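Chemist: First the structure, which I've put down as structure tokens, then a few questions once you've had a look.
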Amino acid sequence: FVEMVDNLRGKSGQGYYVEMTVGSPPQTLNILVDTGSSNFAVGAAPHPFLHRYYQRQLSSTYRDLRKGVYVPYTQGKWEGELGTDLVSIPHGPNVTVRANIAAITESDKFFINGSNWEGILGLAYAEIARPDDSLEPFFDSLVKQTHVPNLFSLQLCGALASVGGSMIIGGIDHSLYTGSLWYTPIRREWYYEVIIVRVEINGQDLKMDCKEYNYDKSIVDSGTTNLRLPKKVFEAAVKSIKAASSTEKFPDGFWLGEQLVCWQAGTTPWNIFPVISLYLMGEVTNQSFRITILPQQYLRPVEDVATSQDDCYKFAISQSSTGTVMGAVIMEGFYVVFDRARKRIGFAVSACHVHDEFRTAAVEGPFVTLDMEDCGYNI
Ligand SMILES: COc1cnc(C(=O)Nc2ccc(F)c([C@@]3(C)N=C(N)O[C@@H]4C[C@@H]43)c2)cn1
């Protein structure tokens, strides 16, 4: 899959995108890779922030579904006209498939002023597709119409500075990680839902009822920047992180994401900030494994601070009302295999993760963990 290595680009905090083509003749677009949604939606009108957009009038293979859909998010929205067309991934498998496309005709707070992507590739399952689960997601169409294997892997490489990485479509590139992959079940095929069974800060268990870690769900989401934690879990984690880093004091607003903290260039005290370990449900009864990230993952650089000359950072762990979200803060530490065929997600140490001479991100197992099924939330 050497053809697909390094096929992701982006700017810090603006997402990771892959090049795709739509229509006949092919129209090239940059598309955000989002494992947290399930629609393929592209700009189709000249929004001023867009480098380019889908022009259905130029595509002889465009087919109109005579249906629209309005997609609101917590902050933002897009509305689109549904259709199908031929889609390919130039630095992906050598195939072309007919896929659903939402031609975005109005939006608010969706496209990013200054970004270099024009659409979104929702890689999750049909249950959360908009308007309903009859709108087949792109990857489902890809696997159904071709011999591409039913899995993909993501290496997101962090540190506006340019980011990169690889989306290996239909397989795994073993050069992108070290050590072994460790797999956790996909609890249910809607989001990429997983179950966290234990949380440690610098090896110190938070000792909460593990149900709190997954209230009301835990997901793997390449389309979210932060590690988002349920409120109660966030409180305990911040308390422990504060205690571990107490040799230096920071305003309450920093831990709440309400202000940055800046240090003189090259003087960030990485060593005073703890590592964070999430134990995930393993493949075997009573067996778990843990993934461990560094402050280099969860203290993110903010480069566009005009009013400062120093190196400023955002605390990128935040509280959530929709459950745990393992966003870029987690994924930038690891090579992540979305093994749809076996309903499991694999983690391994990423060969491109950011670290220092004293600590590295880690994936370790096996551990003995009992009552892991009780950790999952049910209504
Ligand atoms: C450093 O990492 C990242 C990762 N992602 C981004 C990013 O802009 N994502 C983005 C933009 C628009 C948007 F509508 C969504 C939705 C569809 N997807 C997800 N998963 O969640 C929210 C439901 C919204 C996500 C930036 N930086």
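Order determines the names: the first chain of the structure tokens is A, the second B, and so forth; residues in each chain are numbered 1 upward, and ligands are numbered 1 upward as they are shown.
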Please return as a PyMOL selection string the residues found within 6 Å of ligand 1, counting only C-alpha atoms and all ligand atoms.

Modeler: chain A and resi 13-15+34+36-37+110+221-225+328

Chemist: Which range 127-210 of chain A residues have any atom within 9 Å of an atom of range 92-97 of chain A, and for each, what is the nearest pair of atoms with distance in Å to one decimal, counting only C-alpha atoms, rows sorted by chain and number, as JSON lines?

Modeler:
{"residue": "A:138", "atom": "CA", "partner": "A:97", "partner_atom": "CA", "distance": 8.8}
{"residue": "A:141", "atom": "CA", "partner": "A:97", "partner_atom": "CA", "distance": 7.0}
{"residue": "A:142", "atom": "CA", "partner": "A:97", "partner_atom": "CA", "distance": 6.0}
{"residue": "A:145", "atom": "CA", "partner": "A:97", "partner_atom": "CA", "distance": 6.6}
{"residue": "A:146", "atom": "CA", "partner": "A:95", "partner_atom": "CA", "distance": 7.4}
{"residue": "A:148", "atom": "CA", "partner": "A:93", "partner_atom": "CA", "distance": 7.5}
{"residue": "A:167", "atom": "CA", "partner": "A:92", "partner_atom": "CA", "distance": 8.2}
{"residue": "A:168", "atom": "CA", "partner": "A:92", "partner_atom": "CA", "distance": 7.3}
{"residue": "A:169", "atom": "CA", "partner": "A:92", "partner_atom": "CA", "distance": 6.2}
{"residue": "A:170", "atom": "CA", "partner": "A:93", "partner_atom": "CA", "distance": 7.8}

Chemist: Quick one, how far is CA of residue 333 in chain A from CA of residue 283 in chain A?

Modeler: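 Computing it gives 21.2 Å between the two atoms.
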
Chemist: Ranking A:372, A:351, A:239, A:5 by minimum distance to residue 179 in chain A and counting only C-alpha atoms, which one comes first?

Modeler: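 Counting only C-alpha atoms, the residue closest to residue 179 in chain A is A:351.
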
Chemist: What are the closest atom pairs, with distances in Å to one decimal, for each residue of range 127-214 of chain A lying within 12 Å of range 251-274 of chain A, using only C-alpha atoms, rows by chain and rising residue number, as CSV?

Modeler:
residue,atom,partner,partner_atom,distance
A:200,CA,A:274,CA,9.8
A:201,CA,A:274,CA,6.3
A:202,CA,A:274,CA,5.2
A:203,CA,A:274,CA,9.0
A:204,CA,A:274,CA,10.1

Chemist: Mind giving me the straight-line distance from CA of residue 21 in chain A to CA of residue 90 in chain A in Å, one decimal?

Modeler: 7.3 Å

Chemist: Quick one: which range 329-363 of chain A residues come within 9 Å of range 152-164 of chain A, and what is the nearest atom pair for each with the distance in Å to one decimal, counting only C-alpha atoms, rows ordered by chain and ascending number, as JSON lines?

Modeler:
{"residue": "A:331", "atom": "CA", "partner": "A:156", "partner_atom": "CA", "distance": 6.4}
{"residue": "A:332", "atom": "CA", "partner": "A:156", "partner_atom": "CA", "distance": 5.0}
{"residue": "A:333", "atom": "CA", "partner": "A:156", "partner_atom": "CA", "distance": 8.0}
{"residue": "A:334", "atom": "CA", "partner": "A:155", "partner_atom": "CA", "distance": 6.8}
{"residue": "A:335", "atom": "CA", "partner": "A:155", "partner_atom": "CA", "distance": 4.8}
{"residue": "A:336", "atom": "CA", "partner": "A:154", "partner_atom": "CA", "distance": 5.3}
{"residue": "A:337", "atom": "CA", "partner": "A:153", "partner_atom": "CA", "distance": 4.2}
{"residue": "A:338", "atom": "CA", "partner": "A:152", "partner_atom": "CA", "distance": 5.3}
{"residue": "A:339", "atom": "CA", "partner": "A:152", "partner_atom": "CA", "distance": 6.7}
{"residue": "A:340", "atom": "CA", "partner": "A:152", "partner_atom": "CA", "distance": 8.0}
{"residue": "A:346", "atom": "CA", "partner": "A:153", "partner_atom": "CA", "distance": 8.8}
{"residue": "A:350", "atom": "CA", "partner": "A:155", "partner_atom": "CA", "distance": 6.9}
{"residue": "A:351", "atom": "CA", "partner": "A:155", "partner_atom": "CA", "distance": 8.7}
{"residue": "A:352", "atom": "CA", "partner": "A:157", "partner_atom": "CA", "distance": 5.7}
{"residue": "A:353", "atom": "CA", "partner": "A:157", "partner_atom": "CA", "distance": 6.2}
{"residue": "A:354", "atom": "CA", "partner": "A:158", "partner_atom": "CA", "distance": 7.3}

Chemist: Of the candidates A:344, A:9, A:198, A:242, which one gets nearest to residue 278 in chain A if we count only C-alpha atoms?

Modeler: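 Under the stated criterion, the closest residue is A:198.
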
Chemist: Just want the 9 Å neighbourhood of residue 17 in chain A, counted on only C-alpha atoms, with same-chain residues fewer than 2 positions away dropped. Output as a VMD selection string.

Modeler: chain A and resid 7 to 10 15 19 30 to 34 116 to 117 119 to 121 164

Chemist: Those same residues, written as an mmCIF file, in the first residue's frame with N, CA, C and O atoms?

Modeler:
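Wrote it out as part.cif, contents follow:
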data_model
loop_
_atom_site.group_PDB
_atom_site.id
_atom_site.type_symbol
_atom_site.label_atom_id
_atom_site.label_comp_id
_atom_site.auth_asym_id
_atom_site.auth_seq_id
_atom_site.Cartn_x
_atom_site.Cartn_y
_atom_site.Cartn_z
ATOM 1 N N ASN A 7 -0.873 10.099 2.211
ATOM 2 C CA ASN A 7 -1.966 10.648 1.420
ATOM 3 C C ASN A 7 -2.880 11.584 2.214
ATOM 4 O O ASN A 7 -3.896 12.038 1.679
ATOM 5 N N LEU A 8 -2.547 11.892 3.461
ATOM 6 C CA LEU A 8 -3.306 12.849 4.247
ATOM 7 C C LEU A 8 -2.499 14.118 4.447
ATOM 8 O O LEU A 8 -1.273 14.074 4.595
ATOM 9 N N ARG A 9 -3.205 15.245 4.458
ATOM 10 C CA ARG A 9 -2.626 16.552 4.707
ATOM 11 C C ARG A 9 -3.570 17.322 5.608
ATOM 12 O O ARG A 9 -4.706 16.909 5.849
ATOM 13 N N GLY A 10 -3.094 18.462 6.085
ATOM 14 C CA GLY A 10 -3.917 19.333 6.895
ATOM 15 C C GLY A 10 -3.072 20.410 7.536
ATOM 16 O O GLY A 10 -1.846 20.436 7.410
ATOM 17 N N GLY A 15 -8.006 19.682 10.793
ATOM 18 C CA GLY A 15 -8.433 18.379 10.338
ATOM 19 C C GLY A 15 -7.438 17.756 9.379
ATOM 20 O O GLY A 15 -6.465 18.370 8.936
ATOM 21 N N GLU A 19 -7.268 13.531 -0.763
ATOM 22 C CA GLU A 19 -7.732 13.938 -2.082
ATOM 23 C C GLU A 19 -8.688 12.900 -2.661
ATOM 24 O O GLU A 19 -8.432 11.695 -2.601
ATOM 25 N N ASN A 30 -10.476 18.176 -1.906
ATOM 26 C CA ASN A 30 -9.907 17.744 -0.635
ATOM 27 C C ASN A 30 -11.022 17.507 0.373
ATOM 28 O O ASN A 30 -11.892 18.362 0.557
ATOM 29 N N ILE A 31 -10.992 16.348 1.023
ATOM 30 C CA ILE A 31 -12.120 15.866 1.810
ATOM 31 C C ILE A 31 -11.634 15.471 3.198
ATOM 32 O O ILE A 31 -10.728 14.636 3.334
ATOM 33 N N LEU A 32 -12.249 16.054 4.222
ATOM 34 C CA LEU A 32 -11.906 15.731 5.599
ATOM 35 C C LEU A 32 -12.281 14.293 5.932
ATOM 36 O O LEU A 32 -13.400 13.849 5.663
ATOM 37 N N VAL A 33 -11.361 13.586 6.581
ATOM 38 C CA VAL A 33 -11.573 12.194 6.970
ATOM 39 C C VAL A 33 -12.181 12.171 8.368
ATOM 40 O O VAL A 33 -11.539 12.569 9.347
ATOM 41 N N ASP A 34 -13.416 11.686 8.472
ATOM 42 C CA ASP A 34 -14.205 11.814 9.693
ATOM 43 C C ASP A 34 -14.789 10.457 10.082
ATOM 44 O O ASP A 34 -15.812 10.047 9.531
ATOM 45 N N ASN A 116 -8.080 24.080 3.701
ATOM 46 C CA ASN A 116 -7.884 23.620 2.335
ATOM 47 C C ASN A 116 -8.712 22.373 2.043
ATOM 48 O O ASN A 116 -8.348 21.588 1.175
ATOM 49 N N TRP A 117 -9.839 22.179 2.741
ATOM 50 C CA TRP A 117 -10.767 21.113 2.385
ATOM 51 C C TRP A 117 -12.161 21.653 2.090
ATOM 52 O O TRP A 117 -12.565 22.712 2.578
ATOM 53 N N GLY A 119 -15.055 19.309 1.683
ATOM 54 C CA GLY A 119 -16.082 18.318 1.941
ATOM 55 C C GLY A 119 -15.637 17.404 3.061
ATOM 56 O O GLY A 119 -14.548 17.557 3.625
ATOM 57 N N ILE A 120 -16.500 16.444 3.377
ATOM 58 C CA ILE A 120 -16.295 15.553 4.510
ATOM 59 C C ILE A 120 -16.659 14.135 4.101
ATOM 60 O O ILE A 120 -17.670 13.905 3.427
ATOM 61 N N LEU A 121 -15.818 13.186 4.506
ATOM 62 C CA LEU A 121 -16.016 11.760 4.239
ATOM 63 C C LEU A 121 -16.346 11.097 5.568
ATOM 64 O O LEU A 121 -15.453 10.826 6.380
ATOM 65 N N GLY A 164 0.159 15.711 8.575
ATOM 66 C CA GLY A 164 0.046 14.720 7.533
ATOM 67 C C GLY A 164 -0.378 13.392 8.113
ATOM 68 O O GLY A 164 -0.870 13.316 9.238
#

Chemist: So which residues touch residue 70 in chain A within 8 Å, counting only C-alpha atoms, skipping near sequence neighbours fewer than 6 positions away, as a compact mmCIF listing (two decimals) with N, CA, C and O atoms, in the first residue's frame?

Modeler:
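Ended up saving to selection_1.txt:
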# COMPACT_ATOMS: atom_id res chain seq x y z
N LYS A 77 -24.07 23.82 10.78
CA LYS A 77 -25.07 23.08 10.02
C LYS A 77 -24.70 23.13 8.55
O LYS A 77 -23.99 24.03 8.09
N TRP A 78 -25.20 22.15 7.81
CA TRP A 78 -25.21 22.24 6.36
C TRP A 78 -26.51 21.64 5.85
O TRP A 78 -27.15 20.83 6.52
N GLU A 79 -26.91 22.11 4.67
CA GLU A 79 -28.06 21.58 3.95
C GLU A 79 -27.59 21.20 2.56
O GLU A 79 -26.80 21.92 1.95
N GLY A 80 -28.05 20.06 2.06
CA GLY A 80 -27.56 19.56 0.80
C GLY A 80 -28.64 18.90 -0.04
O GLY A 80 -29.72 18.56 0.44
N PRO A 131 -30.34 11.52 5.82
CA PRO A 131 -31.48 11.60 6.75
C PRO A 131 -31.81 10.31 7.50
O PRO A 131 -32.48 10.39 8.53

Chemist: Between A:74, A:349, A:244, A:108, which is the closest to residue 293 in chain A once you count only C-alpha atoms?

Modeler: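 Closest to residue 293 in chain A of all the choices is A:349.
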